[PDB]
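Beneath this line is the structure, given in structure tokens, with notes to follow.
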Amino acid sequence: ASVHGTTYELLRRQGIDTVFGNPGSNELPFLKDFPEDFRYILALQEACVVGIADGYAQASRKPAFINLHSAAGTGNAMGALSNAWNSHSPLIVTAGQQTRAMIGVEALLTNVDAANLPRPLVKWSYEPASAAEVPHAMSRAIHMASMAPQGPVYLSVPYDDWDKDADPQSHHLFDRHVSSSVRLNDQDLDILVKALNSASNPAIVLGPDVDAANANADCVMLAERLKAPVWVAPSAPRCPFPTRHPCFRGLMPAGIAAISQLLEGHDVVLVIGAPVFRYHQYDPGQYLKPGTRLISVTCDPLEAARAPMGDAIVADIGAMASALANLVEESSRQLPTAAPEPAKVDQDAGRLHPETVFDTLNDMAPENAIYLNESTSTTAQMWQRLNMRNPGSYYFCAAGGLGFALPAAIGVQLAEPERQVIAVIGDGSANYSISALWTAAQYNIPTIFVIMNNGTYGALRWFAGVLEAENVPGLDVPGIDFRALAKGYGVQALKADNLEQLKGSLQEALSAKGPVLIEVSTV
Amino acid sequence: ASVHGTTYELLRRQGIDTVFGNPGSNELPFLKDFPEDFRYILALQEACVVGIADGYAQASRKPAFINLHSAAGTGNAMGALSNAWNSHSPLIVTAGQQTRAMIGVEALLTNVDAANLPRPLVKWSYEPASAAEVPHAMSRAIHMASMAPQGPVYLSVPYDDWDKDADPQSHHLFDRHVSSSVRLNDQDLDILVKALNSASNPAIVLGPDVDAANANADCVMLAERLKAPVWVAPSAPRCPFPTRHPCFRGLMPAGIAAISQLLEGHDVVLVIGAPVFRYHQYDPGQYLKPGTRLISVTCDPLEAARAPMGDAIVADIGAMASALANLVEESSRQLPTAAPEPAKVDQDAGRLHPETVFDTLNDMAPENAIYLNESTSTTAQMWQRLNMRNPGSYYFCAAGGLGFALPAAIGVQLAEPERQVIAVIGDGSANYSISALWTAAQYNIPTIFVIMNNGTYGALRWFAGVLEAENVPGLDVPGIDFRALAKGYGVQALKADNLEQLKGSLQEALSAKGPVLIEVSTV
Amino acid sequence: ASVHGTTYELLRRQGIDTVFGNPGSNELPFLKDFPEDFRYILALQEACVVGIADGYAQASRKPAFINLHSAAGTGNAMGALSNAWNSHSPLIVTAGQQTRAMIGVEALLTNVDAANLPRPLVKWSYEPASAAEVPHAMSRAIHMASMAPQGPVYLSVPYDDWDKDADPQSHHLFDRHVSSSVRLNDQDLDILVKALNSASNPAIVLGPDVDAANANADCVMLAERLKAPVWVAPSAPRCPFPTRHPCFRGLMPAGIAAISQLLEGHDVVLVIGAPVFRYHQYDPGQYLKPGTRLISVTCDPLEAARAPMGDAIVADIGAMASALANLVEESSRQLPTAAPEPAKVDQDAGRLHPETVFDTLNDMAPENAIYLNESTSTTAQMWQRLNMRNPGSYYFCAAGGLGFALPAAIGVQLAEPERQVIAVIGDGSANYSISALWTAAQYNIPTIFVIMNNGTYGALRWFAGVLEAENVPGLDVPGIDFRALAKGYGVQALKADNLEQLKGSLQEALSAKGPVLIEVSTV
Ligand SMILES: Cc1ncc(C[n+]2csc(CCOP(=O)(O)OP(=O)(O)O)c2C)c(N)n1
Ligand SMILES: Cc1ncc(C[n+]2csc(CCOP(=O)(O)OP(=O)(O)O)c2C)c(N)n1
Ligand SMILES: Cc1ncc(C[n+]2csc(CCOP(=O)(O)OP(=O)(O)O)c2C)c(N)n1
Ligand SMILES: [Ca+2]
Ligand SMILES: [Ca+2]
Ligand SMILES: [Ca+2]
Ligand SMILES: [Ca+2]
Ligand SMILES: [Ca+2]
Ligand SMILES: [Ca+2]
Ligand SMILES: [Mg+2]
């Protein structure tokens with residue numbers, strides 16, 4: 001069999017049936033005779049291709065396969081890979097290389113020093129030394145992406161390799177099963193459980209890896225047994241806990257001093273599935289106040305190594321969450337009281353306050369809706385106003401790289417056809433991956449995009465305010481008609497200048513049978 | 001003085017007065033108190049930022065300064081850097097890094113292993129070890145970008161460095177002058193000149209570095225003295241010779257066998273300012289046929305090293321071109337006869353043949369117009385139908401990375417306010433950097449964008465045809481309304497469905513006082 | 001023809017006839033059927049292999065070819081490559097890789113991510129994508145190493161490639177000639193010459209690249225014409241000027257303040273072939289005092305970029321030195337007076353003062369002797385006491401990496417059979433590459449090794465003294481019998497405990513017909 005046939009069989013046998021890409025000439029030999037049981041999802045720019053694959057992978061909880069064009073295609077996708085790295089997204093990125101006969105002369109489209117291009121944003125990067133090695137290299141890519149800590153991998157393949165004969169021994173790769181579903185040994189696990197049972201005032205902090213492992217329900221049980229408040233680690237890329245559960249305490253502020261102050265009084269703080277800690281603003285102070293012991297369970301050695309305080313256990317989040325939830329004793333402490341409902345902000349008949357938008361979305365959206373957030377100055381309000389009861393209900397660019405939510409919303413909707421996806425995106429952020437709209441229109445993926453139009457890079461004007469920075473250029477983005485942009489890409493567009501219109505537009509959008517974009521005029 | 005003040009003085013003293021960027025929080029400390037004698041050009045996505053800076057640098061023939069946001073901003077610009085590498089574009093790319101106090105914990109927005117991110121697409125990449133080193137590092141960046149062979153450089157700067165005190169000895173950096181304007185020593189130059197004077201049937205092949213050095217006029221003189229035909233090296237990123245000059249022979253096909261066949265009979269082939277050779281399609285054969293001696297003058301050691309045949313001289317193109325043009329004897333051979341005018345293709349009243357579009361542009365555009373090409377399946381026709389008499393009249397993505405022409409056209413227009421820029425872009429290519437349109441509208445840069453709409457990735461369907469590849473998915477891009485996209489970004493839009501409309505639209509576009517986009521329905 | 005035959009023909013045609021190496025299994029396929037016109041020089045450890053090749057290349061002024069074993073062999077040679085990088089040594093380092101069929105499974109002896117191993121100490125690093133590409137890759141290696149700025153390159157080759165068929169078009173590589181013998185254009189050169197003719201008190205500073213280019217004589221003429229004092233740039237790896245010439249001023253101290261103080265009063269300082277400046281100790285102060293203008297001529301863009309002051313011209317040192325020496329006017333100023341003879345230090349009948357050793361060597365050694373220095377605490381005395389009239393008379397580890405002089409002395413002696421090589425090495429430094437002695441014995445290369453035995457890492461005890469550092473462990477190296485070590489490797493050994501014995505031992509050593517090691521007891 002050819003390398004082409006062998007490789008598609010490998011993919012199919014490993015559960016991959018979809019290719020997200022933007023084609024090029026070095027990739028034609030791979031894409032020809034495309035298998036009938038496969039599905040190709042085209043996007044117009046590489047950041048969009050990867051963003052869609054990313055949302056698809058995160059929501060489906062399985063690896064996504066991507067095919068890009070040489071160095072330029074790969075380069076266009078590197079901002080998206082920064083987010084994928086931080087979110088532990090299992091992405092298999094393949095790029096076509098020039099024919100081996102012309103790599104040396106560096107003919108046009110040659111990806112020079114290929115493996116180094118995507119570094120340091122990949123777990124593994126490689127270009128095979130011969131055509132017969134391709135299936136084996138593809139196998140390595142699949143497993144490296146899937147093993148904890150999951151992350152993106154890169155494989156460059158010269159286009160002339162596809163038609164060559166594959167090693168007949170490649171059949172051994174087809175059904176390989178690799179597992180990293182491990183947990184702390186019995187003896188040490190018993191010690192940890194005892195420390196938890198003995199704590200007088202424990203607190204639990206959860207990160208994105210909990211939602212990735214679908215360990216949400218196990219963490220709820222753990223929180224209920226320990227009768228402990230639960231916080232979501234700062235700069236949260238996903239939501240790991242039902243936001244209206246009595247133990248829920250909200251999103252932690254992303255500052256050193258703010259967090260230690262928040263945890264003061266808690267003798268034992270158990271952090272699960274999050275780095276310690278994804279701070280953002282520089283808020284100097286103590287990492288932890290005296291009297292607090294921190295224990296971290298992470299699926300990533302890099303996270304365990306860099307934590308500036310506490311103990312750590314490197315293991316599978318799902319396996320650990322399940323073990324802990326079943327072994328801890330039920331505390332006789334009283335279960336925490338639920339946080340009160342957020343207040344209603346005064347809303348006149350003019351432009352909409354973000355709070356109003358979120359309250360309305362919470363009112364009108366189905367209970368199993370999935371939200372994506374790329375409205376940077378309104379994140380805190382969004383977290384307090386949306387009741388997200390189920391796992392996989394929230395996504396936000398893990399590395400803070402804009403251009404994620406719009407395409408990712410399409411990938412998530414593709415992965416969860418029965419849950420309405422609603423992406424809330426700022427007018428500034430909307431531009432980074434605007435062409436992704438075309439993919440939703442073409443495949444009729446019913447994502448709803450809500451553009452928060454305030455005409456400025458709000459979050460930046462805010463930091464520009466703290467630093468007390470003046471005369472900073474480039475903070476405003478006036479003159480963009482989002483309805484026209486949506487029309488350009490074949491997506492139905494609506495406008496909301498006030499509350500009445502907002503409610504009407506949402507009613508229509510929710511009843512639509514295709515993707516819809518709503519431009520909202522915000523304060 | 002602070003690092004901030006010292007750095008802006010360094011830039012100003014080295015001739016930089018414009019910053020192309022997309023702001024972020026790590027960059028606010030650098031951008032605050034923005035100098036009044038500077039100019040900030042905002043673009044909505046990083047590929048667009050770099051593309052604009054690239055066009056500006058290439059057209060002005062001086063380095064362009066760029067400021068991006070951390071890893072995500074840098075990553076979004078890597079496809080654009082692939083083109084910049086191939087075009088020897090002097091680009092100074094700076095990105096903001098997290099505060100030194102939080103780099104270790106990898107707070108959000110930390111650019112991890114920063115210097116490795118842009119590799120291998122940069123000449124030099126670096127992150128200073130202390131704040132006082134910043135001005136010196138900036139100096140290194142400026143010079144590394146400007147010395148032959150020119151190319152992009154990268155500098156990552158922690159945001160807390162800007163307000164620190166600079167080394168008082170930094171003043172020594174302000175007026176440093178670095179030169180690489182060198183040419184072959186007298187003795188060896190005399191030998192080369194003798195070889196040229198002795199040739200019986202010489203041919204000259206010119207590359208992009210000739211136009212970059214503005215050595216066009218010197219090459220015309222050289223060609224006239226030697227009475228030799230002149231070809232433009234394959235995959236041409238720029239036009240180095242007047243296309244209607246009697247010696248002009250056109251664009252060389254990008255294949256090994258095709259080129260050796262084309263050069264057969266020429267005893268001495270002098271290649272100036274081009275790699276040997278930027279092949280594209282695999283057209284196996286002899287690199288050179290017996291009887292042909294090839295001599296290459298390149299400004300790049302990497303080019304000299306990888307040439308599979310001939311001798312090479314590594315030197316400044318301008319200095320070499322000038323020396324050769326003045327030292328060679330006037331041959332008694334007859335000057336080559338000009339190529340005949342291309343034929344008029346039959347055009348009915350329906351959709352436009354690309355040939356018709358180019359003939360019409362040639363008819364109506366000013367004689368000093370500048371063209372950008374990102375209509376991949378029509379490159380050969382474009383080269384035969386446009387009379388480009390002046391230097392800096394043509395640009396095409398040097399690494400074949402789409403998303404270059406649209407933003408680059410804006411940068412070129414900014415650099416040459418008195419020459420009408422006309423970008424000819426395919427409907428597929430238009431999407432990669434569509435948001436750049438906003439920048440033209442906002443600063444009122446009068447670029448004319450001609451979108452060749454044929455609804456498909458034409459060049460790919462063509463390769464898919466040669467390889468005799470079937471069942472290749474993702475080759476069509478239907479359902480895009482370019483007039484709506486232009487409206488979305490504030491740019492006047494026109495449509496041309498036939499010749500009559502094409503002529504009318506061009507008349508209007510040429511008389512416009514701002515940017516204009518014309519969607520052309522092509523066959 | 002096979003890749004094996006084609007490659008040896010390429011090497012032979014490019015002037016390479018010697019292979020320096022330490023064999024391994026991945027290299028057997030390359031070494032088999034070793035050409036009869038070639039010469040293989042075996043060394044017992046890789047640092048020794050590279051050190052010998054380095055000395056050979058530096059002294060012969062042509063590239064040296066090296067063959068090492070996979071990652072371990074390459075790794076053992078990386079300290080030696082650090083020196084080669086700093087000395088601009090043209091070294092072609094090749095390493096054998098596992099068979100392509102087993103690279104993927106990482107069988108024993110696989111060099112993983114090969115090209116990244118030697119970085120950042122190489123100009124170019126690469127592993128071919130196919131066997132037919134090997135000759136072309138070898139060609140690139142040869143030229144990259146030879147073009148200015150010269151430096152080490154690395155090529156990894158899977159062992160199964162050698163027996164495959166080579167591309168018949170590879171014959172084009174055989175006689176390629178690449179030149180970088182360039183100099184500043186006429187107009188700018190005239191400006192520089194005028195600045196030199198107009199200077200009232202010029203000073204000249206020379207670096208290692210002057211000796212590498214054999215531009216010594218041209219610099220003497222330049223100094224005599226300008227009637228200017230000449231200094232050797234700090235941390236000198238080579239000697240670029242006759243040390244007893246009336247203009248000679250000695251080795252510059254390696255400190256910022258010390259150098260500016262030394263140059264004070266000189267209006268124009270011309271630096272040729274040296275970085276600006278290879279400082280060592282931290283001696284904070286002004287880089288240059290007011291009134292001094294510095295102009296640097298360097299063959300390295302990296303040097304021009306990082307200079308913290310002055311203008312720079314990037315060009316070939318030989319071409320530039322020759323041009324300047326012939327164009328400057330003869331100044332009417334009086335020629336500088338020669339420095340007085342160094343004083344005789346008092347020497348009793350006990351252990352030898354380093355000054356005594358150097359005076360005696362100067363007295364007894366032939367006038368065309370070549371010295372290598374790796375006696376770190378005695379460098380200043382050595383420079384003042386040895387009259388070195390000819391080019392290529394001195395070598396010192398360019399990156400300060402010990403283990404250079406002993407093997408390099410063998411390589412230099414091999415390159416210059418008619419000039420007596422005398423390596424002066426400290427007892428600490430002698431151990432790093434002690435096994436190199438075997439190579440001298442086996443091929444009967446008559447190098448004389450003088451071991452300065454003082455039982456301690458003297459230079460370190462000295463820095464430990466300045467820093468006023470106390471309780472520093474590991475500074476003494478007692479209990480080493482160098483005569484026994486020499487005997488172990490087959491080299492004649494002598495001992496000198498006092499002056500009488502020193503003179504006697506030197507008389508014998510100079511008359512020897514093979515390598516000799518003299519252990520000298522120093523204070
Ligand atoms: C790729 C990328 N480029 C630039 C930035 C810097 N940045 C962070 S927030 C922001 C503002 C986003 O504006 P918008 O989406 O309109 O939302 P707002 O702040 O107004 O809520 C910008 C440009 C970024 N994080 N990522
Ligand atoms: C960043 C990038 N992505 C993908 C490609 C692959 N590619 C080469 S030509 C091409 C078609 C461009 O289509 P279009 O601009 O409509 O012009 P046409 O071929 O129809 O003339 C594509 C997608 C590329 N070279 N660069
Ligand atoms: C590979 C390497 N290891 C360690 C050092 C650090 N070092 C610099 S000088 C020195 C002392 C050398 O001792 P010796 O050769 O006996 O000479 P002395 O200082 O006594 O004159 C040492 C160990 C070095 N420069 N290179
Ligand atoms: Ca409500
Ligand atoms: Ca906004
Ligand atoms: Ca005409
Ligand atoms: Ca098209
Ligand atoms: Ca004497
Ligand atoms: Ca010693
Ligand atoms: Mg990289």
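Just follow the structure's listing: the first ligand is 1, and inside any ligand the first atom is 1. Chain A is the first sequence line, chain B the second, and so forth, proteins listed ahead of strands; every chain is numbered from 1.
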Classify the contact between A:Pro23 and ligand 2 as side chain, backbone, both or neither, using a heavy-atom distance cut-off of under 4.0 Å. backbone
Are the side chain of B:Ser235 and the backbone N or O of B:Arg278 linked by a donor-acceptor pair below 3.5 Å? yes
Any carboxylate oxygen within less than 4.0 angstrom of a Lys/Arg side-chain nitrogen, looking at A:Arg389 and A:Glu367? yes
Any N/O of B:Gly458 closer than 3.5 Å to an N/O of ligand 2? yes
Side chain, backbone, both or neither: the part of A:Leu68 lying under 4.0 Å from ligand 2 by heavy atom: neither
So, B:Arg119 and A:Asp113, do they make that salt bridge, N to O below 4.0 Å? no
Residue, atom name and distance, where the atom is the protein heavy atom closest to atom 25 (N) of ligand 2: B:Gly400 O, 2.8 Å
Identify the closest protein heavy atom to atom 2 (C) of ligand 2: which residue and atom is it, and at what distance? A:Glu46 OE2, 3.4 Å
Taking 4.0 angstrom as the limit and counting only heavy atoms of A:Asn22, give me the atoms of ligand 2 inside it, by number and element. 3 (N), 4 (C)
Number of protein N/O/S atoms that sit closer than 2.8 Å to the Mg ion (ligand 10): 6
Look at atom 21 (O) of ligand 2 and say which protein heavy atom is nearest, naming residue and atom and giving the distance to 0.1 Å. B:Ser377 OG, 2.8 Å
Tell me whether the rings of A:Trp383 and A:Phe248 are parallel (<30°), tilted (30 to 60°) or perpendicular (>60°). parallel
Return yes or no for this condition: an N or O of A:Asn76 is under 3.5 Å from an N or O of ligand 2. no
Could you tell me, atom by atom, which parts of ligand 2 come under 4.0 Å of a heavy atom of A:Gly24? 6 (C)
May I ask you to identify the nearest protein heavy atom to atom 17 (O) of ligand 2, giving residue, atom name and distance to one decimal place in Å? B:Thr376 OG1, 3.4 Å
Compare all side-chain heavy atoms of B:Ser375 with those of B:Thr378 and state whether any distance is below 4.5 angstrom. yes
B:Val424 side chain near B:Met452 side chain, heavy-atom distance below 4.5 Å: yes
Honestly, for A:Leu109 the part within reach of ligand 2 (heavy atoms, under 4.0 Å) is neither
With 3.0 Å as the limit, jot down which protein N, O or S atoms are around the Ca ion (ligand 4). A:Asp363 OD1
Looking only at heavy atoms, what is the nearest atom pair of B:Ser521 and B:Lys495, with distance? OG-CE, 4.4 Å
So which protein heavy atom does atom 13 (O) of ligand 2 come closest to, and at what separation? B:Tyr457 CD2, 3.5 Å
Taking C-beta and beyond as the side chain, do A:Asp54 and A:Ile52 meet within less than 4.5 Å on heavy atoms? no
At what distance is the nearest protein heavy atom to atom 22 (C) of ligand 2, and which residue and atom is it? B:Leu402 CD1, 3.5 Å
Enumerate the atoms of ligand 2 whose separation from the nearest heavy atom of B:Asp427 is less than 4.0 angstrom. 16 (O)
Starting from atom 19 (O) of ligand 2, find the nearest protein heavy-atom neighbour and note its residue, name and distance. B:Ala459 N, 2.7 Å
Could you check if a side-chain atom of B:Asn431 sits within less than 4.5 angstrom of a side-chain atom of A:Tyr489, using non-hydrogen atoms only? yes
I'd like to know if A:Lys32 and A:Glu27 make a salt bridge, using a cut-off of under 4.0 Å between side-chain N and carboxylate O. no
Quick look: B:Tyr432 vs ligand 2, heavy-atom contacts under 4.0 Å, and the answer is side chain
Closer than 4.0 angstrom: is that true for some heavy atom of A:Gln45 and an atom of ligand 2? no
Nearest-neighbour protein heavy atom for atom 16 (O) of ligand 2, which is reported as residue plus atom name and distance: B:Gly428 N, 2.7 Å
When you compare the side chain of A:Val122 with that of A:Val153, does any pair of heavy atoms fall below 4.5 Å? no
So, do B:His280 and B:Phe463 have ring centers that fall under 6.0 Å from each other? yes
Region of B:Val477 engaging ligand 2 - heavy atom pairs below 4.0 Å: neither
